[PDB]
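The file start-v8.txt contains compact mmCIF, C-alpha atoms and all ligand atoms:
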```
# COMPACT_ATOMS: atom_id res chain seq x y z
CA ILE A 388 0.00 0.00 0.00
CA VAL A 389 1.40 3.38 -1.01
CA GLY A 390 0.29 6.48 0.85
CA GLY A 391 -1.21 4.39 3.64
CA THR A 392 -0.86 3.95 7.39
CA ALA A 393 -0.34 1.03 9.73
CA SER A 394 -3.38 -0.91 10.93
CA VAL A 395 -3.99 -2.10 14.48
CA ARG A 396 -4.87 -5.57 15.71
CA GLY A 397 -8.40 -6.70 14.84
CA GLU A 398 -9.11 -3.81 12.47
CA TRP A 399 -9.41 -5.90 9.25
CA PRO A 400 -10.29 -9.36 10.61
CA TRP A 401 -11.23 -10.78 7.19
CA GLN A 402 -7.73 -10.05 5.81
CA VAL A 403 -5.49 -13.09 5.41
CA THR A 404 -1.93 -13.57 4.20
CA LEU A 405 -1.48 -16.45 1.79
CA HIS A 406 2.02 -17.91 1.91
CA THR A 407 3.79 -20.20 -0.52
CA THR A 408 6.31 -22.69 0.88
CA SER A 409 8.34 -23.33 -2.26
CA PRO A 410 11.22 -22.92 -2.73
CA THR A 411 11.05 -20.98 0.53
CA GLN A 412 8.24 -19.67 2.69
CA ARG A 413 7.10 -16.15 1.79
CA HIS A 414 4.02 -13.98 1.52
CA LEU A 415 2.39 -14.53 -1.89
CA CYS A 416 -0.93 -12.68 -1.87
CA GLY A 417 -3.61 -11.26 0.31
CA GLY A 418 -7.10 -12.71 0.50
CA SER A 419 -10.43 -12.33 2.29
CA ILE A 420 -12.39 -14.66 4.58
CA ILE A 421 -15.92 -15.07 3.17
CA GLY A 422 -16.98 -18.28 4.92
CA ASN A 423 -15.82 -20.63 7.62
CA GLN A 424 -14.02 -22.71 4.97
CA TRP A 425 -13.61 -20.15 2.15
CA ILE A 426 -11.10 -17.46 1.10
CA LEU A 427 -11.58 -15.17 -1.90
CA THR A 428 -8.41 -14.04 -3.65
CA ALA A 429 -7.02 -13.29 -7.13
CA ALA A 430 -6.46 -16.00 -9.73
CA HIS A 431 -3.09 -14.56 -10.79
CA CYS A 432 -1.67 -15.44 -7.36
CA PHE A 433 -1.35 -19.04 -8.51
CA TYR A 434 0.87 -18.56 -11.55
CA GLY A 435 3.54 -21.15 -11.00
CA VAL A 436 1.97 -22.57 -7.83
CA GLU A 437 2.47 -26.29 -8.51
CA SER A 438 -0.47 -27.37 -6.30
CA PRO A 439 -2.45 -26.47 -3.16
CA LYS A 440 -0.01 -28.65 -1.18
CA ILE A 441 2.49 -25.80 -0.82
CA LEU A 442 0.04 -23.12 0.32
CA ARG A 443 -0.52 -21.89 3.88
CA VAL A 444 -3.33 -19.48 4.81
CA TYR A 445 -2.59 -17.38 7.92
CA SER A 446 -5.43 -15.50 9.56
CA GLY A 447 -5.34 -13.25 12.58
CA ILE A 448 -2.01 -11.74 11.51
CA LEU A 449 -1.03 -8.09 11.97
CA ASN A 450 2.76 -8.36 11.59
CA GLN A 451 4.36 -10.87 9.23
CA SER A 452 6.99 -11.30 11.97
CA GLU A 453 4.34 -13.07 14.10
CA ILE A 454 4.56 -16.09 11.78
CA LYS A 455 6.93 -18.69 13.26
CA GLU A 456 7.42 -22.43 12.82
CA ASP A 457 4.67 -23.12 15.40
CA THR A 458 2.15 -20.52 14.18
CA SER A 459 -1.13 -22.19 13.26
CA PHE A 460 -2.26 -21.96 9.62
CA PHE A 461 -4.98 -23.46 7.42
CA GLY A 462 -4.20 -25.96 4.71
CA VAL A 463 -5.81 -25.50 1.30
CA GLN A 464 -7.99 -28.33 0.03
CA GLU A 465 -8.70 -26.89 -3.44
CA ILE A 466 -7.89 -23.81 -5.53
CA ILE A 467 -10.93 -22.88 -7.63
CA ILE A 468 -9.98 -20.52 -10.47
CA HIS A 469 -12.60 -18.97 -12.75
CA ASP A 470 -12.86 -20.95 -16.00
CA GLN A 471 -12.31 -17.91 -18.20
CA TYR A 472 -9.23 -16.55 -16.42
CA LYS A 473 -6.20 -16.00 -18.67
CA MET A 474 -4.21 -13.15 -17.08
CA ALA A 475 -4.97 -10.37 -14.62
CA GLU A 476 -5.16 -7.56 -17.18
CA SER A 477 -7.87 -9.33 -19.20
CA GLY A 478 -10.31 -10.03 -16.35
CA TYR A 479 -11.87 -12.95 -14.52
CA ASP A 480 -9.14 -12.54 -11.90
CA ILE A 481 -10.85 -14.39 -9.07
CA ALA A 482 -10.17 -17.58 -7.15
CA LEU A 483 -11.70 -19.42 -4.22
CA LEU A 484 -9.60 -21.32 -1.71
CA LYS A 485 -11.45 -24.11 0.10
CA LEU A 486 -9.70 -24.67 3.43
CA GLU A 487 -9.12 -28.12 4.88
CA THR A 488 -11.19 -27.30 7.98
CA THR A 489 -13.50 -24.54 9.24
CA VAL A 490 -12.32 -21.20 10.60
CA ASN A 491 -13.81 -20.73 14.02
CA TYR A 492 -14.54 -17.02 13.90
CA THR A 493 -12.96 -14.88 16.62
CA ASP A 494 -12.33 -11.18 17.22
CA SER A 495 -9.28 -11.39 14.90
CA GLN A 496 -10.70 -13.77 12.23
CA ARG A 497 -14.11 -12.79 10.84
CA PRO A 498 -15.87 -13.01 7.47
CA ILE A 499 -16.76 -10.05 5.27
CA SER A 500 -20.13 -9.97 3.49
CA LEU A 501 -20.41 -10.10 -0.28
CA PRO A 502 -22.17 -7.16 -2.00
CA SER A 503 -25.83 -7.68 -1.31
CA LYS A 504 -28.72 -8.70 -3.54
CA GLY A 505 -30.24 -5.38 -4.59
CA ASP A 506 -27.23 -3.12 -3.92
CA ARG A 507 -25.86 -3.14 -7.47
CA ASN A 508 -26.75 0.58 -7.83
CA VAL A 509 -25.28 1.73 -4.49
CA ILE A 510 -22.56 4.39 -4.76
CA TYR A 511 -19.82 3.32 -2.35
CA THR A 512 -18.00 6.31 -0.83
CA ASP A 513 -16.10 4.65 2.08
CA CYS A 514 -13.69 2.18 0.46
CA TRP A 515 -10.34 0.94 1.75
CA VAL A 516 -7.53 -1.19 0.36
CA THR A 517 -5.33 -3.15 2.77
CA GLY A 518 -2.23 -5.29 2.54
CA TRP A 519 1.41 -6.04 3.25
CA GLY A 520 2.59 -4.80 -0.13
CA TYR A 521 5.24 -2.31 -1.20
CA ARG A 522 5.03 1.34 -0.16
CA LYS A 523 6.75 2.40 -3.43
CA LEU A 524 7.56 0.74 -6.75
CA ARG A 525 11.07 -0.26 -5.54
CA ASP A 526 10.35 -1.47 -2.02
CA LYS A 527 9.78 -4.61 0.08
CA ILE A 528 6.96 -6.58 1.66
CA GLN A 529 5.91 -4.72 4.81
CA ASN A 530 5.85 -6.21 8.29
CA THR A 531 2.72 -4.41 9.50
CA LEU A 532 -0.58 -4.54 7.60
CA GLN A 533 -1.28 -1.19 5.91
CA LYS A 534 -4.55 0.53 5.02
CA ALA A 535 -5.54 3.35 2.66
CA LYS A 536 -8.86 5.03 1.84
CA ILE A 537 -9.30 5.25 -1.92
CA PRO A 538 -12.20 6.63 -4.00
CA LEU A 539 -13.94 4.57 -6.65
CA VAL A 540 -13.87 5.94 -10.19
CA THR A 541 -16.38 5.32 -12.94
CA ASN A 542 -15.80 2.58 -15.49
CA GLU A 543 -15.98 5.26 -18.22
CA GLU A 544 -13.09 7.16 -16.67
CA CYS A 545 -11.17 3.98 -15.98
CA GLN A 546 -11.44 2.87 -19.61
CA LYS A 547 -10.20 6.30 -20.70
CA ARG A 548 -7.07 5.76 -18.58
CA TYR A 549 -6.47 2.24 -19.95
CA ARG A 550 -7.34 2.47 -23.65
CA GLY A 551 -5.14 -0.56 -24.33
CA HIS A 552 -7.17 -2.80 -22.01
CA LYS A 553 -10.78 -3.96 -21.96
CA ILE A 554 -12.32 -2.41 -18.86
CA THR A 555 -15.66 -4.22 -18.55
CA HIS A 556 -18.50 -4.17 -16.02
CA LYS A 557 -16.66 -7.06 -14.29
CA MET A 558 -13.92 -4.67 -13.16
CA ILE A 559 -13.97 -1.67 -10.83
CA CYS A 560 -11.26 0.96 -10.55
CA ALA A 561 -10.11 3.10 -7.64
CA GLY A 562 -7.61 5.92 -7.25
CA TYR A 563 -7.05 9.64 -6.94
CA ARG A 564 -6.68 11.72 -10.09
CA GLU A 565 -3.42 13.11 -8.67
CA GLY A 566 -2.22 9.70 -7.43
CA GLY A 567 -0.44 9.08 -4.14
CA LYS A 568 -2.55 6.23 -2.70
CA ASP A 569 -2.87 2.78 -4.28
CA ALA A 570 -2.15 -0.89 -3.94
CA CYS A 571 1.31 -2.04 -5.01
CA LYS A 572 3.35 -5.23 -5.27
CA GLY A 573 2.21 -7.74 -2.66
CA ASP A 574 -1.27 -6.33 -2.11
CA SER A 575 -2.93 -8.31 -4.89
CA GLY A 576 -5.62 -10.79 -3.95
CA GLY A 577 -6.55 -8.73 -0.89
CA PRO A 578 -9.80 -6.86 -0.36
CA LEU A 579 -11.22 -3.59 -1.54
CA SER A 580 -13.59 -3.23 1.43
CA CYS A 581 -16.37 -0.65 1.42
CA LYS A 582 -18.60 0.25 4.36
CA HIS A 583 -22.30 0.88 3.68
CA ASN A 584 -24.88 1.35 6.43
CA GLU A 585 -22.01 0.52 8.83
CA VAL A 586 -21.65 -2.98 7.33
CA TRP A 587 -18.48 -3.94 5.45
CA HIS A 588 -18.80 -5.41 1.94
CA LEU A 589 -16.14 -7.05 -0.19
CA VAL A 590 -16.48 -4.85 -3.27
CA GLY A 591 -13.19 -5.59 -5.04
CA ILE A 592 -10.24 -7.94 -5.23
CA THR A 593 -6.93 -6.18 -5.79
CA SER A 594 -5.87 -7.17 -9.33
CA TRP A 595 -3.55 -4.94 -11.43
CA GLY A 596 -2.52 -1.42 -12.40
CA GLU A 597 0.04 0.62 -14.33
CA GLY A 598 2.74 1.33 -11.79
CA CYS A 599 1.76 2.25 -8.23
CA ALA A 600 -0.21 5.39 -7.32
CA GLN A 601 0.65 7.17 -10.52
CA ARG A 602 -1.41 10.12 -11.69
CA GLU A 603 -4.52 9.17 -13.67
CA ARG A 604 -3.69 5.44 -13.43
CA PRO A 605 -6.19 3.93 -10.99
CA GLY A 606 -5.81 0.49 -9.57
CA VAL A 607 -8.06 -2.12 -11.18
CA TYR A 608 -10.05 -4.53 -9.05
CA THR A 609 -12.20 -7.57 -9.76
CA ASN A 610 -15.83 -6.34 -9.36
CA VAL A 611 -17.01 -8.90 -6.80
CA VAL A 612 -20.77 -8.14 -7.14
CA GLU A 613 -20.61 -9.44 -10.73
CA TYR A 614 -19.20 -12.76 -9.47
CA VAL A 615 -21.67 -13.46 -6.65
CA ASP A 616 -23.58 -16.11 -8.64
CA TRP A 617 -20.27 -17.81 -9.46
CA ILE A 618 -19.19 -17.74 -5.80
CA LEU A 619 -22.52 -19.09 -4.55
CA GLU A 620 -22.43 -21.87 -7.12
CA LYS A 621 -18.94 -22.93 -6.05
CA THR A 622 -19.51 -22.62 -2.27
CA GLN A 623 -22.57 -24.91 -2.43
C1 LIG B 1 4.28 -11.19 -3.55
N1 LIG B 1 5.41 -10.33 -3.81
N2 LIG B 1 6.47 -10.29 -2.98
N3 LIG B 1 7.31 -9.40 -3.48
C2 LIG B 1 6.76 -8.88 -4.63
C3 LIG B 1 5.54 -9.47 -4.85
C4 LIG B 1 4.60 -9.22 -5.95
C5 LIG B 1 4.89 -8.71 -7.23
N4 LIG B 1 3.80 -8.58 -7.99
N5 LIG B 1 2.82 -9.02 -7.17
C6 LIG B 1 1.47 -9.05 -7.67
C7 LIG B 1 1.39 -10.00 -8.84
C8 LIG B 1 1.95 -11.36 -8.45
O1 LIG B 1 1.24 -11.78 -7.31
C9 LIG B 1 1.75 -12.97 -6.73
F1 LIG B 1 1.59 -13.99 -7.63
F2 LIG B 1 3.08 -12.77 -6.58
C10 LIG B 1 0.85 -7.71 -7.98
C11 LIG B 1 0.65 -7.22 -9.26
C12 LIG B 1 0.05 -5.97 -9.43
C13 LIG B 1 -0.36 -5.23 -8.33
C14 LIG B 1 -1.03 -3.93 -8.47
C15 LIG B 1 -0.41 -2.77 -8.91
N6 LIG B 1 0.93 -2.77 -9.26
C16 LIG B 1 1.48 -2.32 -10.42
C17 LIG B 1 2.83 -2.46 -10.20
CL1 LIG B 1 4.10 -2.08 -11.26
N7 LIG B 1 3.04 -2.99 -8.96
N8 LIG B 1 1.86 -3.18 -8.38
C18 LIG B 1 -1.12 -1.57 -9.02
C19 LIG B 1 -2.47 -1.50 -8.70
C20 LIG B 1 -3.10 -2.67 -8.26
CL2 LIG B 1 -4.78 -2.63 -7.86
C21 LIG B 1 -2.39 -3.86 -8.15
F3 LIG B 1 -3.02 -4.97 -7.73
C22 LIG B 1 -0.12 -5.78 -7.07
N9 LIG B 1 0.46 -6.99 -6.92
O2 LIG B 1 0.64 -7.45 -5.75
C23 LIG B 1 3.24 -9.42 -5.93
```
Mind turning this structure into structure tokens?
Amino acid sequence: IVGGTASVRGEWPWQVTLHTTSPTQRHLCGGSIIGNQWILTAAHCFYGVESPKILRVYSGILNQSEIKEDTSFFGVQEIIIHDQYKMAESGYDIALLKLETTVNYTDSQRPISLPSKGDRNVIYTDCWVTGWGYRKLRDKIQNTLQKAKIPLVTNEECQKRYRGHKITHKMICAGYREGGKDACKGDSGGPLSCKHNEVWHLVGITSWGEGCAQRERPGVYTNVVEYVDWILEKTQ
């Protein structure tokens, strides 16, 4: 997260850190708890992941430095990638992780609601991106989870900024005209969380962008409301 600030414990309890364990253990992507056995993340996270066997899902984590050889994690039973996914920039960048067992929800591990049936025309004005990613283009994975409030932009404007890409109704963009706040390397797969009527909704999945927080180059997110039928079909 560029232009952001550190979070405190329990502030984003649906945020997870997905680690790979090959060839060495490291943060791979963010993700979001949406059910006791289900994480929603980006499909591009699994490029070159040989199988679910090498994945570890850590919930309840503020600082990456909390993760030690005895820290409890969830195994991944299945990675479910959207059938039409090819690469992040061309859409369908969404994946479900089915965990091996059920998350018992606690103060630090909670689900976030999907965008609701009948809220497709809501204008979200309180949206936040969170993650352990870079604070600049040439940086490092951060120890402490970062947060940044970012405004949504219209799909018309977003397409104008990315005339070499197909910005469809299945994407949503977010960023300041002048730049300065955005996701960056290591934030992908995590949530774009928006609060409406004091309830948090998973509006986007962090997907791709041109550089980090550049002027007139918003971050591009998978538009989760357009995938709710797909999620419900896979989680039942
Ligand atoms: C894990 N890690 N550890 N050290 C490095 C990494 C690492 C490296 N790239 N990434 C991912 C892709 C691969 O993900 C996983 F497979 F590695 C990635 C790709 C794109 C974005 C992104 C960007 N944007 C553009 C530029 Cl340039 N930089 N960022 C801008 C806006 C939005 Cl909205 C975005 F989403 C974020 N991320 O995270 C993780």
Inset, instruction - Pick out the residues sitting within 12 Å of residue 469 in chain A, and hand them over as an MDAnalysis selection string; count all atoms listed in the file, and ignore anything fewer than 5 positions along from it in its own chain. - result: chainID A and resid 427:431 474:475 478:484 609 614 617:618 620:621
Take the residues from that selection and put them in a file with C-alpha atoms, as a CSV table (one decimal), keeping the file's coordinate frame.
```
chain,number,residue,atom,x,y,z
A,427,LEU,CA,-11.6,-15.2,-1.9
A,428,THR,CA,-8.4,-14.0,-3.6
A,429,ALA,CA,-7.0,-13.3,-7.1
A,430,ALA,CA,-6.5,-16.0,-9.7
A,431,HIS,CA,-3.1,-14.6,-10.8
A,474,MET,CA,-4.2,-13.2,-17.1
A,475,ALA,CA,-5.0,-10.4,-14.6
A,478,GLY,CA,-10.3,-10.0,-16.4
A,479,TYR,CA,-11.9,-13.0,-14.5
A,480,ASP,CA,-9.1,-12.5,-11.9
A,481,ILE,CA,-10.8,-14.4,-9.1
A,482,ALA,CA,-10.2,-17.6,-7.2
A,483,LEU,CA,-11.7,-19.4,-4.2
A,484,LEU,CA,-9.6,-21.3,-1.7
A,609,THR,CA,-12.2,-7.6,-9.8
A,614,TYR,CA,-19.2,-12.8,-9.5
A,617,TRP,CA,-20.3,-17.8,-9.5
A,618,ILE,CA,-19.2,-17.7,-5.8
A,620,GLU,CA,-22.4,-21.9,-7.1
A,621,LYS,CA,-18.9,-22.9,-6.0
```
Inset, instruction - List all protein, DNA and RNA residues that have an atom no more than 6 Å from any atom of ligand LIG 1 (chain B), counting only C-alpha atoms and all ligand atoms, and report them as a list in words. - result: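 Within the 6 Å cut-off, the matching residues are residues 414, 415, 416, 431, 432, 433, 528, 570, 571, 572, 573, 574, 575, 593, 594, 595, 596, 597, 598, 599, 606, 607 and 608 of chain A.
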Inset, instruction - Find the spatial neighbours of range 542-554 of chain A, counting only C-alpha atoms, within a cut-off of 8 Å - ignore same-chain residues fewer than 4 positions away - and output them as a PyMOL selection string. - result: chain A and resi 476-477+558-560+603-605
Legend entry - A:503, A:409, A:392, A:521 ranked by distance to residue 435 in chain A, top pick (using only C-alpha atoms):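 For residue 435 in chain A, the nearest of the given residues is A:409.
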Inset, instruction - Within 9 Å of residue 565 in chain A, counting only C-alpha atoms, which residues show up once you throw out same-chain ones fewer than 5 positions away? Write them as a VMD selection string, please. - result: chain A and resid 600 to 603
Inset, instruction - Find the residue from A:566, A:410, A:391, A:400 that sits nearest to residue 437 in chain A; use all atoms listed in the file when measuring. - result: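 Using all atoms listed in the file, the shortest distance to residue 437 in chain A belongs to A:410.
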Inset, instruction - Could you check which of A:493, A:471, A:580, A:530 is closest to residue 514 in chain A, using all atoms listed in the file? - result: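 Closest to residue 514 in chain A, using all atoms listed in the file: A:580.
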Legend entry - Two-atom distance - CA of residue 449 in chain A, CA of residue 465 in chain A (Å): 25.5 Å
Inset, instruction - May I ask for the distance between CA of residue 388 in chain A and CA of residue 448 in chain A, given in Å to one decimal place? - result: 16.6 Å
